[PDB]
Structure formats: structure tokens, C-alpha cells
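A.B. asks: Take a look at this one; I'll ask things after.
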Amino acid sequence: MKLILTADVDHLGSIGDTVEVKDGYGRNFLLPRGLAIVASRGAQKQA
Amino acid sequence: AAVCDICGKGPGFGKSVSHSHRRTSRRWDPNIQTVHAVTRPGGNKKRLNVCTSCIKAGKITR
Amino acid sequence: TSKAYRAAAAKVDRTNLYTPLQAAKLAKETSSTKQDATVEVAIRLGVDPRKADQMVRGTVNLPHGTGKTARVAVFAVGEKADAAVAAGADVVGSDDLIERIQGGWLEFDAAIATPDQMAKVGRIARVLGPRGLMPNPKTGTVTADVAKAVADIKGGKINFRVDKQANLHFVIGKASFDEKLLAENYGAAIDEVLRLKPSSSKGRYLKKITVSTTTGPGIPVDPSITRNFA
RNA sequence: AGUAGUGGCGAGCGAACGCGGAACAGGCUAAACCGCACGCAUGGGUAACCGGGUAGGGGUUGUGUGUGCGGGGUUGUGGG
RNA sequence: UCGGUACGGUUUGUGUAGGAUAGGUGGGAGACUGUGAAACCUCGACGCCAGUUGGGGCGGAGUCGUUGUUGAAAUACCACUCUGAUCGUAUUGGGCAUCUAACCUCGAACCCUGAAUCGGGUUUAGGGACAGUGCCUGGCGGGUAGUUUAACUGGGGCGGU
RNA sequence: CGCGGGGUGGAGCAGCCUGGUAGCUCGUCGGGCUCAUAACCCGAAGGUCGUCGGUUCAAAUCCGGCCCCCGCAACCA
RNA sequence: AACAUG
Ligand SMILES: [Mg+2]
Ligand SMILES: [Mg+2]
Ligand SMILES: [Mg+2]
Ligand SMILES: [Mg+2]
Ligand SMILES: [Mg+2]
Ligand SMILES: [Mg+2]
Ligand SMILES: [Mg+2]
Ligand SMILES: [Mg+2]
Ligand SMILES: [Mg+2]
Ligand SMILES: [Mg+2]
Ligand SMILES: [Zn+2]
């Protein structure tokens, strides 16, 4: 699955861009803490 | 547990076949895992039994 | 040490597989700086020579020859020597030929022994051991028809035999030959190996093949082309 | 039709294609997209919008997206 | 931190006579600054057969080897292989150890709670990608279950058939 | 049926991954040592290396051929 | 280490 991260995460990438995540680092750490959102509509909010 | 609390997916029954083709009854149980789900970010956590084909989709949040 | 090893990587590449067109081309370009040489083709088969039923041994004719002097010694007396005197036997001796070879004279490139002489040539095959000059009935050198046996050597009919570790080594001709005289030799080379595939072989048969010389590097050759050597 | 087949090819099990009748019937939704409200974001001549064009005026309520309710839509010769 | 796979580089091997039969096959018989492992120095085993031709850190200022022959024997070159070791590239896979956020806690305090050694929720102290469970897979399994255990026979049983 | 091990003198065993001598212990005979006997030490005798048939300069050792023995896995005419 | 007998 792909995500759109908001804050700064080390060893993972910069802000604004999409990134690959291994599906358990997403919904346990990045998604409950609000540091990343899913990429379904956010590709147009980024544009 | 063996019943999903969202999609209702329970077990199926069948037969276990041996080399001499002796057929006895076993049960195919779903992959029911426990989750602590929220309804809005920062709210309280309710404990549920869900199956892994719903954690793989986005039927719940954590 | 310096010049011969630096001449390798300037022309050929290891990972790049080369066509049989380009392999004979680089066989002309590698041996040009040095003297003339014999273009060597090494074939790695996928059979085990340790099993005697899977033993690979046969003959193959070079229609363009190989550029060889072919000093053919013929072991024949009487009318058997009269069948080879018009065939091209350069040295026709007598019954004392047992004694001339043991004295220190081994100046012949081929040995053909008639079955009337096999009770006496067998004392000579001990000193003809390592260099490969003993008469062998399995290679077609021990027969009663010695008139056509001289022309088998002059045409360049190579007798191939697989080694201990399943690595064939085959010659196609001198470095003075053209790109098409060697390729038609190389075109008839692989097909006779495929005709000499054994019965109970498994796996990939002709796995690795290369083109080398006497005093030079090798050429990585692709076994994928077995139809379009011309 | 106890047929094709299926079976320690043992005991047994056993269709459909099609033909004759009984009775006859077909209808709504989802999605694209256009609105309204709510929720999030972005922006102050950077820009549009104020039913379309025509002109000025307003001088920021535009633009993007999420959730429900109306409109639109229902097809195989493909329909929208 | 380790391992094998394809490929590439270096190195390793061997009897009395020979750079110890290149270890083996096939080609082919003159190749380049090699003084000499006297030096500055050659191996990590080989220093046992036999001392290896690199650790080229050097002397480059010159030349060895290919020519003689002997067990079967070639000795420069040089080939793509065999056994052992090592380096590099690419790919793939397994151990061990920290982290917190999934998961676990019959550890504690607080609340729902008026009466609660149940339960749930919040905070905290810890365990932690292990355990438990699902699926697939091998083992063990009289713990349990359905059954088999032939016939002739001066009666059955033992022998024999 | 598939893998990978085993057979050596009268007995009990080394040697087999590196092709070359073919051995050691026990038992039989004879000899040393001692004043003499035991104990000890030595030599000789004793080999189809399970069998054959090839590779091979050369095989107890490598590969096949059967011959008995064993281990684990298989075994729905 | 070594042995013991008449
Ligand atoms: Mg329940
Ligand atoms: Mg059922
Ligand atoms: Mg039943
Ligand atoms: Mg599923
Ligand atoms: Mg997954
Ligand atoms: Mg009808
Ligand atoms: Mg609607
Ligand atoms: Mg029972
Ligand atoms: Mg019953
Ligand atoms: Mg009786
Ligand atoms: Zn479910």
C-alpha cells in the first residue's frame, strides 16, 4: 500500500511525496499517530 | 474465536481425507485476530474479533 | 607477461556472448600480432564420462582441412604395402621397422597398422604413449583398407574423445584460413557432436563452448545458434 | 433413460442436450456527472466566482476534497 | 554477523629420474626490463615428499625459461577444467542483538460502581514481533475408535498340508 | 523402489575422502632373556582384500555387474 | 617406577 506522509520520518523519505510502506508500519505507527494519510484523494490535494 | 464481528464470516465444515481415503469431519476456521479499534482518532478503544481479510482492507482503524 | 595479457581485454569481452561470425573474426584478429596458430574450440558437455556406457568417442570430417603435414606411417608388407604405395605412404619400410622406431626415430604424424601386422606393432605402442601416435582400431586406423585410410588423414578427419572432466577440445584449422573455411568446419563441428549425443543423457547437453588459440585468450561463444553458421 | 457414463469398474450409484405439456411478467437500485447541507484544507487580485453569453459592479467566499439527502442513470445490436 | 549460487581474479595439488609426471585433456614449441627469496626480500598453510615465484612493500641498468633428456613425460608459453583456500561483483537465504507502535499480562492505581476477588474502559509498570490462534505440512500417538485374525481335521488344539 | 554406507589372514580389526607397503592384536611353532620356571621380547607360517570387467602406467581404494548385511524413507495390478 | 616363585 502507498501513503502520503506529513511530518519528517527518518530513513523513509521527505515530505509531500508518496512512499512505499510494508502495510504494518502504516496502520500501526504512521496512520494512528497522524504522520501519514492514505493516497486515494490526497494526490489531488497535493496538486 | 471463530466468528468475525463485522462481516459475519464463520467456519465451514468439511472432511479430512487420509491416504486410505478414510473421511472424518474437521472444521475450517477463519483467521480471527483481536484488534483494539477506534471510531475517531484519539478516542477510546473497543476490543473486537476481526478476520485478517478485513485488517488487510480498511474495515477498521487503530 | 605484459603484451600478451593486455592484448586480451582490448578486443574481447567476457560477459558479452559472441556470434560464430564474430568468433572466427576475432580468431583472425587475435593471432595476427603473433605468429600463426591453431584456433582451439573447447566444448563443455553435460554428460559424465565416468560411466562407460555414456562414453563419447567418434570421428568428424573437416571439409576445409586443418593445414597439417600428415606424415602417415603405414605398417604393411607385401600387397598390403602395394595398396598404400599409391595412396600416399611416404615411408614404406620392412620387417625391421620395429627396430628403427626404438632407436630414436619417431618422425611420423599418423600410424596405420594392418591386421597382418598387429602381432608386431604392439611392441611399438609403449613409447608412443603420451603424444598419441599408437594405432587404434576404435578410431579407424587398424583396417585392411589402407588405400582410403591415407586420404582420411590428409582431409583432416579429427578423432574426438572426451576427457576425464567432460571438457571436449577441438581444432578447426590454422590461423591462415579464411572466415568461411573455419566457419564451415565449425558448422559441421557442433552438429556431429549433437549426432554423437549419448542415449541416457539428461540436463542441458552442450552447456558451454568457447574459441581459443595456442598463445592467446578465449572467446565467449553462445550455444544458442546451431542452424546459421553460414 | 436404468441410457451416456460412474464404481475395492465389486455391491451399487446415476445425469444432461432436447422434445411434449401446466402456467406466463417483469420491475427497481450502485457508479460517472450536476446540485444542497455538514466536515477538512488552501487563497486574498495569488485568483476566480456571483445561471450562460453580452456590459459594468460586488471587491474574498472562490477552489479542491470527505459524508449524507435530491437530480441524472439502467445496458449487450454494448448502454450511460 | 554468517552461508550457496552464477560469473570473474589470485592461489593450492604430484614416486627413484624432471621447474618435485602441466594434477588432467587438447592445442602449440621463443618469450620479454626475468639481477638473486645474496637485497629492502615471497607467502596464511606448503619449510614432509620439493622448498613453491608471489607480499613486485623492489633492483630495473642489461640477460635465464622455450634448446638437452628420464620414469609415461611434457617443462617457456599456455588452455578450461579438478581438490583446497581467499578476494571481488551480483543475487538469494539463515542465526544473534537493541528499539516501540501491533499483540500479551491472574502486575498496580482510578473510574463505570450505590452494594463488585466478575467484566469493560483510562493511565502507569513490564514482556514484545517472540508467544497464542488460523491455514498448509512432517513427526509422535492403544489416549480413543471401527474391524480383521482362513480351511481340512475319525471332536477342537499342536505338527503337517 | 529411491538415497549412502559395510564385507580384509584361524579369530578380532586398522588401511578406503590422498590409486601403489597390504598390515597390527590374539591363537600355533621355533628362538631369546633367567641359576631355573612363569612374565616379557623377536622371527617365521598364515591373504581368491565378498565376486567380474572395465577405466587405468598401476586398483583393497574409482565406476558399473550381480552376491549376501544394515540404516532411513517409500510400497492403491 | 616396577612385579612373582624355588
Ligand atoms: Mg462472540
Ligand atoms: Mg458437508
Ligand atoms: Mg462411514
Ligand atoms: Mg480471502
Ligand atoms: Mg499483508
Ligand atoms: Mg419446455
Ligand atoms: Mg445518489
Ligand atoms: Mg481397540
Ligand atoms: Mg459395522
Ligand atoms: Mg484332531
Ligand atoms: Zn471480516
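We label chains A, B, ... in the order they appear in the C-alpha cells, count residues from 1 in each chain, and number ligands from 1 in the order shown.
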Among chain B, which residues does DSSP mark as alpha helix (DSSP H) when it is run on the backbone? Keep the chain and numbering as in the structure and answer as a list in words.
C.D. replies: residues 52, 53, 54 and 55 of chain B
A.B. asks: Taking 2 positions as the minimum chain separation for residues in the same chain, which residues sit within 8 Å of stretch 123-128 of chain E when counting only C-alpha atoms (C1' of nucleotides)? Answer as a PDB file with N, CA and C atoms (P, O5', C5', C4', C3', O3' and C1' of nucleotides), in the first residue's frame.
C.D. replies:
ATOM      1  P     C E 103      -3.478  -4.500  18.959  1.00  0.00           P
ATOM      2  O5'   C E 103      -2.731  -5.820  19.417  1.00  0.00           O
ATOM      3  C5'   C E 103      -3.217  -7.099  19.058  1.00  0.00           C
ATOM      4  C4'   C E 103      -2.273  -8.182  19.502  1.00  0.00           C
ATOM      5  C3'   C E 103      -2.295  -8.528  20.976  1.00  0.00           C
ATOM      6  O3'   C E 103      -3.349  -9.402  21.315  1.00  0.00           O
ATOM      7  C1'   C E 103      -0.064  -8.283  20.264  1.00  0.00           C
ATOM      8  P     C E 104      -4.010  -9.346  22.771  1.00  0.00           P
ATOM      9  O5'   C E 104      -2.860  -9.864  23.735  1.00  0.00           O
ATOM     10  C5'   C E 104      -2.551 -11.246  23.832  1.00  0.00           C
ATOM     11  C4'   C E 104      -1.550 -11.492  24.925  1.00  0.00           C
ATOM     12  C3'   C E 104      -1.959 -11.004  26.299  1.00  0.00           C
ATOM     13  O3'   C E 104      -2.815 -11.886  26.992  1.00  0.00           O
ATOM     14  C1'   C E 104       0.219 -10.251  25.822  1.00  0.00           C
ATOM     15  P     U E 105      -3.946 -11.272  27.942  1.00  0.00           P
ATOM     16  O5'   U E 105      -3.169 -10.944  29.292  1.00  0.00           O
ATOM     17  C5'   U E 105      -2.434 -11.948  29.972  1.00  0.00           C
ATOM     18  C4'   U E 105      -1.493 -11.365  30.997  1.00  0.00           C
ATOM     19  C3'   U E 105      -2.104 -10.460  32.041  1.00  0.00           C
ATOM     20  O3'   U E 105      -2.789 -11.167  33.050  1.00  0.00           O
ATOM     21  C1'   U E 105      -0.064  -9.546  31.276  1.00  0.00           C
ATOM     22  P     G E 107      -0.047 -11.906  37.629  1.00  0.00           P
ATOM     23  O5'   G E 107      -0.073 -10.340  37.387  1.00  0.00           O
ATOM     24  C5'   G E 107      -0.708  -9.479  38.311  1.00  0.00           C
ATOM     25  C4'   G E 107       0.248  -8.448  38.834  1.00  0.00           C
ATOM     26  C3'   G E 107      -0.386  -7.178  39.351  1.00  0.00           C
ATOM     27  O3'   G E 107      -0.906  -7.302  40.656  1.00  0.00           O
ATOM     28  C1'   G E 107       1.371  -6.618  37.910  1.00  0.00           C
ATOM     29  P     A E 108      -2.385  -6.778  40.969  1.00  0.00           P
ATOM     30  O5'   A E 108      -2.186  -5.222  41.201  1.00  0.00           O
ATOM     31  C5'   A E 108      -1.424  -4.750  42.295  1.00  0.00           C
ATOM     32  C4'   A E 108      -1.001  -3.319  42.096  1.00  0.00           C
ATOM     33  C3'   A E 108      -2.108  -2.285  42.084  1.00  0.00           C
ATOM     34  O3'   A E 108      -2.520  -1.914  43.383  1.00  0.00           O
ATOM     35  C1'   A E 108      -0.638  -1.892  40.283  1.00  0.00           C
ATOM     36  P     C E 130       8.321 -13.151  15.302  1.00  0.00           P
ATOM     37  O5'   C E 130       8.300 -14.167  16.523  1.00  0.00           O
ATOM     38  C5'   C E 130       9.503 -14.689  17.056  1.00  0.00           C
ATOM     39  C4'   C E 130       9.430 -14.872  18.552  1.00  0.00           C
ATOM     40  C3'   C E 130       8.280 -15.699  19.086  1.00  0.00           C
ATOM     41  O3'   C E 130       8.460 -17.090  18.927  1.00  0.00           O
ATOM     42  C1'   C E 130       8.557 -13.774  20.421  1.00  0.00           C
TER      43        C E 130
END
A.B. asks: Taking only C-alpha atoms (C1' of nucleotides) and all ligand atoms into account, list the residues no farther than 12 Å from ligand 4, as a PyMOL selection string.
C.D. replies: (chain B and resi 9+30-31+51-57) or (chain E and resi 135)
A.B. asks: With only C-alpha atoms considered, list every residue of chain B at most 9 Å from chain A, as a ChimeraX atom specification.
C.D. replies: /B:41-42,56,61-62
A.B. asks: Based on only C-alpha atoms (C1' of nucleotides), which of the residues in chain E come within 12 Å of chain B? I want them as an MDAnalysis selection string.
C.D. replies: chainID E and resid 101:104 120:122 132:136 145:146
A.B. asks: Taking only C-alpha atoms (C1' of nucleotides) into account and nothing else, which residues of chain B lie no more than 12 Å away from chain F? Please answer as a list in words.
C.D. replies: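 Here is what falls inside 12 Å: residues 19, 20 and 21 of chain B.
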A.B. asks: What does the file look like for those residues with N, CA and C atoms, as an mmCIF file, in the first residue's frame?
C.D. replies:
data_model
loop_
_atom_site.group_PDB
_atom_site.id
_atom_site.type_symbol
_atom_site.label_atom_id
_atom_site.label_comp_id
_atom_site.auth_asym_id
_atom_site.auth_seq_id
_atom_site.Cartn_x
_atom_site.Cartn_y
_atom_site.Cartn_z
ATOM 1 N N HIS B 19 -4.788 -41.237 3.506
ATOM 2 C CA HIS B 19 -4.216 -41.964 2.383
ATOM 3 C C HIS B 19 -5.041 -43.184 2.016
ATOM 4 N N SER B 20 -5.717 -43.779 2.985
ATOM 5 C CA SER B 20 -6.668 -44.842 2.731
ATOM 6 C C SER B 20 -8.059 -44.307 2.478
ATOM 7 N N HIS B 21 -8.172 -42.992 2.285
ATOM 8 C CA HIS B 21 -9.387 -42.298 1.874
ATOM 9 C C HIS B 21 -10.486 -42.476 2.914
#
A.B. asks: Find the residues around stretch 45-47 of chain A up to 9 Å (only C-alpha atoms (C1' of nucleotides) counted), leave out those fewer than 3 positions away in its own chain, and share them as a list in words.
C.D. replies: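 The contact residues come out as residues 16, 17, 41 and 42 of chain A; 41, 42, 64 and 65 of chain D.
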A.B. asks: Those same residues - N, CA and C atoms (P, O5', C5', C4', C3', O3' and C1' of nucleotides) - I'd like them written as a PDB file, in the first residue's frame.
C.D. replies:
ATOM      1  N   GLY A  16       5.575  15.375   1.501  1.00  0.00           N
ATOM      2  CA  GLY A  16       4.780  15.647   0.327  1.00  0.00           C
ATOM      3  C   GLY A  16       4.684  14.509  -0.670  1.00  0.00           C
ATOM      4  N   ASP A  17       5.743  13.724  -0.821  1.00  0.00           N
ATOM      5  CA  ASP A  17       5.784  12.678  -1.830  1.00  0.00           C
ATOM      6  C   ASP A  17       5.168  11.379  -1.314  1.00  0.00           C
ATOM      7  N   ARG A  41      -7.432  10.210  -2.444  1.00  0.00           N
ATOM      8  CA  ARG A  41      -7.801  11.561  -2.835  1.00  0.00           C
ATOM      9  C   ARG A  41      -6.692  12.575  -2.617  1.00  0.00           C
ATOM     10  N   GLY A  42      -5.705  12.255  -1.779  1.00  0.00           N
ATOM     11  CA  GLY A  42      -4.637  13.174  -1.430  1.00  0.00           C
ATOM     12  C   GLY A  42      -3.686  13.498  -2.560  1.00  0.00           C
TER      13      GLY A  42
ATOM     14  P     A D  41      -8.685  22.435   8.729  1.00  0.00           P
ATOM     15  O5'   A D  41      -7.957  22.609   7.324  1.00  0.00           O
ATOM     16  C5'   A D  41      -6.858  21.784   6.975  1.00  0.00           C
ATOM     17  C4'   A D  41      -6.639  21.735   5.484  1.00  0.00           C
ATOM     18  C3'   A D  41      -6.112  23.002   4.836  1.00  0.00           C
ATOM     19  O3'   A D  41      -4.717  23.174   5.017  1.00  0.00           O
ATOM     20  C1'   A D  41      -7.867  22.111   3.526  1.00  0.00           C
ATOM     21  P     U D  42      -4.104  24.645   5.212  1.00  0.00           P
ATOM     22  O5'   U D  42      -4.218  25.304   3.767  1.00  0.00           O
ATOM     23  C5'   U D  42      -3.427  24.833   2.687  1.00  0.00           C
ATOM     24  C4'   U D  42      -3.922  25.368   1.368  1.00  0.00           C
ATOM     25  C3'   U D  42      -3.911  26.880   1.218  1.00  0.00           C
ATOM     26  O3'   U D  42      -2.640  27.400   0.874  1.00  0.00           O
ATOM     27  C1'   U D  42      -5.999  26.034   0.501  1.00  0.00           C
ATOM     28  P     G D  64     -12.830  22.933  -8.255  1.00  0.00           P
ATOM     29  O5'   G D  64     -12.086  21.976  -7.223  1.00  0.00           O
ATOM     30  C5'   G D  64     -10.798  21.457  -7.517  1.00  0.00           C
ATOM     31  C4'   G D  64     -10.153  20.839  -6.304  1.00  0.00           C
ATOM     32  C3'   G D  64     -10.941  19.746  -5.601  1.00  0.00           C
ATOM     33  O3'   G D  64     -10.832  18.486  -6.242  1.00  0.00           O
ATOM     34  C1'   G D  64     -10.048  21.246  -4.002  1.00  0.00           C
ATOM     35  P     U D  65     -12.092  17.490  -6.285  1.00  0.00           P
ATOM     36  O5'   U D  65     -12.073  16.762  -4.867  1.00  0.00           O
ATOM     37  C5'   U D  65     -10.944  16.023  -4.424  1.00  0.00           C
ATOM     38  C4'   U D  65     -10.952  15.866  -2.924  1.00  0.00           C
ATOM     39  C3'   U D  65     -12.120  15.081  -2.347  1.00  0.00           C
ATOM     40  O3'   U D  65     -11.921  13.679  -2.377  1.00  0.00           O
ATOM     41  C1'   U D  65     -11.863  17.105  -1.149  1.00  0.00           C
TER      42        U D  65
END
A.B. asks: Using only C-alpha atoms (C1' of nucleotides) and all ligand atoms, which residues have at least one atom no more than 12 Å from ligand 7? Output them as a VMD selection string.
C.D. replies: chain D and resid 29 to 35 68 to 73
A.B. asks: Hey, can you check how far atom CA of residue C:136 sits from atom CA of residue C:112?
C.D. replies: 8.4 Å
A.B. asks: Counting only C-alpha atoms (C1' of nucleotides), which residues of stretch 132-165 of chain C sit at most 10 Å from some atom of stretch 66-90 of chain E, and what is each one's closest atom pair with its distance in Å to one decimal, listed by chain and rising residue number, as a Markdown table?
C.D. replies:
| residue | atom | partner | partner_atom | distance |
| --- | --- | --- | --- | --- |
| C:163 | CA | E:81 | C1' | 10.0 |
| C:164 | CA | E:82 | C1' | 9.4 |
| C:165 | CA | E:81 | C1' | 7.0 |
A.B. asks: As a list in words, please: all residues of chain B that backbone DSSP puts in strand (DSSP E).
C.D. replies: residues 12, 13, 14, 15, 16, 17, 23, 24, 25, 26, 27, 28, 32, 33, 34, 35, 36, 37, 46, 47, 48, 49, 50 and 51 of chain B
